[PDB]
Every structure is written in C-alpha cells, then in structure tokens.
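Enquirer: Return atomic coordinates for the entry below.
(4 chains, ligands or ions: 1)
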Amino acid sequence: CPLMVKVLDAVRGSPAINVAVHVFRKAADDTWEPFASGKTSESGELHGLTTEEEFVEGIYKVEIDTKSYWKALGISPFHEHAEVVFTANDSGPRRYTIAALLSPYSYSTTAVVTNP
Amino acid sequence: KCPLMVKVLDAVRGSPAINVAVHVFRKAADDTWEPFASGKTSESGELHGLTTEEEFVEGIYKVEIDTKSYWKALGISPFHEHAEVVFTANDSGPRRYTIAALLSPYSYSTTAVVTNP
Amino acid sequence: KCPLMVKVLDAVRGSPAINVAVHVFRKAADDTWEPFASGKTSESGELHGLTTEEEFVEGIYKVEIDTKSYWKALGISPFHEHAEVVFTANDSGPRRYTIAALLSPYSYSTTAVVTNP
Amino acid sequence: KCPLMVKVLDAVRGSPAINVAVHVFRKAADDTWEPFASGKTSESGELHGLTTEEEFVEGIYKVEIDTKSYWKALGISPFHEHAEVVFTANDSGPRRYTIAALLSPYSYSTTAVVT
Ligand SMILES: O=C(O)c1ccccc1Nc1cc(Cl)c(OOO)c(Cl)c1
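Expert: Numbers count the residues shown, from 1 in each chain, chains lettered A, B, ... in the order given. Find the structure here:
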C-alpha cells in the first residue's frame, strides 16, 4: 500500500468517486513533472499509481480535481484543487495512506506511516 | 460487509490508535444509557462487527471512546476526557455505517458515511 | 472575553452558523448532568455569555451543540444527533477555554484553545 | 477587518500557532505564481495585514503556510512540507475571505468563509 490516498465526501456521506487526481515528482528545476492520473468508477480510492521502484527520497505533490467534482453535483466550491506536499522514504520503504475529507468550502487531510 | 465499524487513528504518532478503550450504549426513555457493547483499539485501530443485523435496531445510539486513557499511557496529558458520537440509524432500512475518529491531544474530528442499497 | 467561547461554522455554505441551540451541563456528585447554561448561536457564529469565573468552577463539564435544528429547518438531512464535547476544566489555573466546531452535514470537528489569561 | 485573513491553530499545544511563515501568489498569465504577500504569525495565531481591497482583485491565488520549520523549532519531526490553499477569488464580486487551518504534526485541515 504505497499511496492508498483515500478521498471522502463529507456531504453525500460516501467516498468521492470519479474525482480526477494527479501526482507529481520533485524536479531539480523547482518544477513538477506529471506522473499519473485517473478516475474511479464506484468507490473513491486511489491505488495502483506508484510502484516500489518508482519512489524517490524527495518531495512529492498530489493534485485532486475538486472544482470539476462539484459542478456535476451542481455545487460551486470555493476551493479549486487540493495539494499535499511531503518528504517520503527518508528512513526507507514505508506504506503511506493519505486522508482527504472533502467538502464544499472545506477540506482536511492526514498522513499514516509505518514502522518498517 | 461489516454492519458498522469505528475507525480511529492518532494524528501525532501517525498511526491507528492501539489500546484505546471504546464503548457502546442504547437510548432509553429513562435517560439511562444502558451499556450495550465495549472493545479495545487493536494494532489496526479498528473495531468492527459490534452490532449484528439482529443485535442492531433502528434507533438512537452512542459511541464512547476512552481518549484520555489513550494519551496518559503515552505520557501525554490531553484535554478531552472522552468523545461521544450521538446519532440516529436505519431511518428507512438497514444500512452500513463507518465513522472516523481523528484523535489529537487537544482536538478531534469525526465523519460518517452511508451506503445506499 | 469569557473562559468559555464556542464557535460553530458551516462547512457547506461557508458562513458562521446561526440559530444553533447550545446547552452546557455539569456532572454532579451523583454522576448527574446538572444543567448549567444554554443559548442560541448568532449570525456572527460565536456563542458567548454562558459562564463567568464566579460561576465557573473546577469539575467535569459537558457542551451540547444541537444539529437537527440547524439543517432540518434549513432543509438538509443530517446524520449526527448532536455534538457533545466533554472535558475537564480548571484543574489548576482558570485558563480561558475556546471550543471550535466545524460543522458539515455528515461530519464535524472539535478543537480546544486553552490559555492562561 | 481585511478581505483576506488566515489563522493557524496548533492542536498539540492547543494554542494559536506562533511564527508561522506565510506566502501569497498570483496566477500569472504564463501559468506562473508571482509573489504577492508574505509574513509570519503572531501570538494570536492570526494574520495582521495581507491585502487591501485596492490590491485585492480577481484571479486565482495561492497561499502557503510554512510548517516544516515550525515543528523543528518545537522539536517534533513533521511530515508535510507545507500546506497549500488555492482558490478562485472575486469570481462574481467582492467578498471577505477568511482562511482557517488546524495544524497537527502529521495532519492538518482547513476551510474558508465568504462575504
Ligand atoms: O473555525 C474554523 O474553521 C476552524 C476549523 C478547524 C479548527 C478550528 C476552527 N476554529 C476556529 C478557527 C478560527 Cl480561524 C477562528 O477565528 O479566527 O479569527 C475561530 Cl474563533 C475558530
């Protein structure tokens, strides 16, 4: 479970499905190289994006297409997209789960690490 | 699927709560919160299968989590004595409920989800 | 400028919550929640005028925030029956306490701001 | 009393965060971020002066609260590099924006209000 970046809808009381997500890597030129993207069908979870060999001991970024989400449900969010920036794998391979409790005009997140 | 479960995880250690005592009750017209079930937070910080289809009924419930015991063992002196999640259930039939519990020494937050038939 | 300030915010409309029922209790010697204070949240979203250091004493307290009146009168269908915040108070030094509540129809958050005046 | 306001609350100490560096950008026509305003946080955990209604105009803006240096000063090991809030401003008209951010060593949350 490298990045099981779960996203939850705090209004519909269901996982946020069909929400586009984008990943980036730390480029040496202070740029964000695109890495992966996708949309879900029924459940709002992220997986199968980065493999054990795809990681680096560096900075990352996760972008979630949030404004496009609510227009479909006819909601007009204040936020445009959400970004979490972190340093990973400093002490070796660990499994990272990124929380994301969305809401129109509000969001929250949390990080879960492992010992080995 | 699991009829309902409680999800709890520490926002300081970045790990699910381990050995955080939990309890459940039932609403009684005499205001007496008659105890119904209890449990201990495992290494995964989750308790599931507490209320079966027969055990659970359409009514008012409460979930109590022994937050203060969780911190003092870690040598941490928290603010909240415990937490409570008061709600209604099965308004129009049986459903699946999973609730969140983001513990921090001086704060917490909860969130619940419902899945349509 | 009170030792007990409760702020309630709407995480859908993005406005300070208004017309929200608030109740304050206190555990008695018989483990009884003797009523302490109550009120309704204004359009500023800050509840105040609930207690003073003359009336505020050491002990275990409880804070009640109604939710059904907030959304059902608004037309939204909530999940949580209400919000209950229970905490020790004035253990040593009557520090001013601020209680924060970020409300969503299916989720809420609580945080405490403590400071010695 | 400003159209833009940001406040950061520390959960572990339960006190308003102090000395939290902040920066504000603007959506440049070259898809860049021209720096707009920056600063740190006081003992009240709020922002004292960010943007007047004169400088505040339409467009997309980004605000970042520096947290990595925070917990190192606190002596705790963080996780997040920092927190990024990006939003569309003045899409329909003037308003007053307040940004609230609850910070914990391994988690954070945020929300906004309008006027
Ligand atoms: O009010 C919030 O949005 C909030 C969100 C998460 C955690 C705590 C919160 N409470 C809170 C936040 C702020 Cl910024 C605040 O005042 O700012 O001038 C108050 Cl009174 C209460």
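
Enquirer: Strands of chain A, residue ranges please.
Expert: Assigned by DSSP state E, chain A shows strands spanning A:8-9, A:14-15, A:21-26, A:32-38, A:60-65, A:79-86, A:97-103, A:106-112.

Enquirer: Can you lay out the ones you listed as JSON lines showing mean neighbour count and distance to residue A:45?
Expert: All C-beta atoms are positioned from the backbone trio N, CA, C, and that covers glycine. Converted to JSON lines, the strands of chain A look like this (neighbours: other Cβ atoms under 10 Å in any protein chain shown; distance: least, Cβ to Cβ, whole Å):
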{"stretch": "strand A:8-9", "mean neighbour count": "25", "distance to residue A:45": "10"}
{"stretch": "strand A:14-15", "mean neighbour count": "18", "distance to residue A:45": "6"}
{"stretch": "strand A:21-26", "mean neighbour count": "19", "distance to residue A:45": "10"}
{"stretch": "strand A:32-38", "mean neighbour count": "13", "distance to residue A:45": "11"}
{"stretch": "strand A:60-65", "mean neighbour count": "20", "distance to residue A:45": "12"}
{"stretch": "strand A:79-86", "mean neighbour count": "20", "distance to residue A:45": "16"}
{"stretch": "strand A:97-103", "mean neighbour count": "23", "distance to residue A:45": "10"}
{"stretch": "strand A:106-112", "mean neighbour count": "25", "distance to residue A:45": "14"}
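
Enquirer: Need those in JSON lines (columns: distance to chain D).
Expert: Below are the strands of chain A laid out as JSON lines (distance: least, Cβ to the nearest Cβ, whole Å):
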{"stretch": "strand A:8-9", "distance to chain D": "13"}
{"stretch": "strand A:14-15", "distance to chain D": "18"}
{"stretch": "strand A:21-26", "distance to chain D": "10"}
{"stretch": "strand A:32-38", "distance to chain D": "11"}
{"stretch": "strand A:60-65", "distance to chain D": "9"}
{"stretch": "strand A:79-86", "distance to chain D": "4"}
{"stretch": "strand A:97-103", "distance to chain D": "7"}
{"stretch": "strand A:106-112", "distance to chain D": "3"}
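
Enquirer: Residue D:3 is nearest to which of those strands?
Expert: Among these, strand A:79-86 comes nearest to residue D:3, with 17.5 Å by Cβ to Cβ.

Enquirer: So what pairs up with the nearest residue to residue A:101 once chain neighbours are set aside in the strands?
Expert: Spatially, and ignoring its direct neighbours in sequence, residue A:101 is nearest to residue A:108 (4.5 Å; Cβ to Cβ, 6 or more residues apart in numbering or on different chains). In this structure, residue A:108 bridges to residue A:101, residue D:109 when assessed by DSSP bridges.

Enquirer: From what I see, residue A:108 and residue D:108 are in contact.
Expert: Yes: applying Cβ atoms under 8 Å, one finds residue A:108 in contact with residue D:108, separated by 7.4 Å.

Enquirer: list the residues that contact both of those two?
Expert: Contact criterion Cβ atoms under 8 Å, 6 or more residues apart in numbering or on different chains; residues shared by residue A:108 and residue D:108: residue D:102.

Enquirer: now residue A:31: how far from chain D?
Expert: 11 Å (Cβ to the nearest Cβ, to the nearest Å).

Enquirer: so how far is the first residue of stretch A:60-80 from its last?
Expert: Stretch A:60-80 has an end-to-end distance of 19 Å (Cα to Cα, to the nearest Å).
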